[PDB]
Structures are given as structure tokens and as C-alpha cells.
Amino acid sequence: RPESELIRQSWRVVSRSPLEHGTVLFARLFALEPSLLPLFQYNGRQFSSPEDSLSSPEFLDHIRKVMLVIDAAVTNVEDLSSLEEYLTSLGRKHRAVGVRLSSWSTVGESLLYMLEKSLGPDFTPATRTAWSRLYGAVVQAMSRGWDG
């Protein structure tokens, strides 16, 4: 598919520096939804402010893990149903940590933003639409952790 390569070409840019880009994703995400901030409870302590997350080595490890999952979503963009059970259960983990169903769309907006930021003019209206479908397929999978 053409779309699937568009995701693949786009991702390449981001993939190179996962931490720098995921940092953007998370700063954006807390700007949009600041109530995600206390869900991280590294050392049984809440971050007070968004900037405190960036100083947390455990938080940065999480960014890396996030980018790795989006990475898997990319490598499997043509057949994404192979990631489904993983993503379901990652969703369930996240429900437990206290993330809402509604928060996942903000993560998708935040992913999208990180992408727009990184590709600048290369973030075509097609590139956008394709990414939105990919991550939507990721939430949709991460939302089956809310089931039963």
C-alpha cells in the first residue's frame, strides 16, 4: 500500500532520535492533558510539574518504550492485527495505571503533533491521514484493555 510506505518514510525521521521525539510527544501530552501527570509514580512520588517528568530517568525509559511500541506498529502497518493482543493487554496495563479511555485520543493528537513538528512541510495531508488511521488502529487495540 502507498499509505503504508508513507507511514514508513515518515517514521524514519523520528525513529532516528526516539527520545528527542518522544520528549515532544509527552510535553505536548501534558500540555493538553495535565491530569496524566500523576499517573507516573516512580519512587512512589508524583511529578509536580511537567518539567519534573523530563528529569526522571524512569520517565525517559518510558518514552523509549512508547516509541518502541509505535515502532512495532510501523513495522507491522500492513498487518496490524498481529500486534493486537499485545496492545490490548498494554491497554489493560494502562487502565490499571489510571489512564482514561478519553486520554488515548490525546495521545494520538500528541503523536500527530510530534510528527507534524518533525516533518514540517513533509507532513503532507496524506501523511497525516495515514498516521491518524495507524494510531487509531493502535488506540482501538489499546481500548480493548477496557473490556469485560
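In this text, residue numbers run from 1 along the sequence as written.
77 to 85 and 62 to 70 differ in mean CA B-factor, and the higher of the two is recorded for 77 to 85.
The PDB entry records a higher mean C-alpha B factor for 97 to 105 than for its counterpart among 97 to 105 and 52 to 60. The PDB entry gives the largest Cα B-factor of the residues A137, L19, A130, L25 to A137. Among all modelled residues in its chain, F47 ranks in the lowest third by Cα B-factor. In this PDB entry, the Cα temperature factor of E33 sits in the bottom third of its chain's modelled residues, the lowest group.
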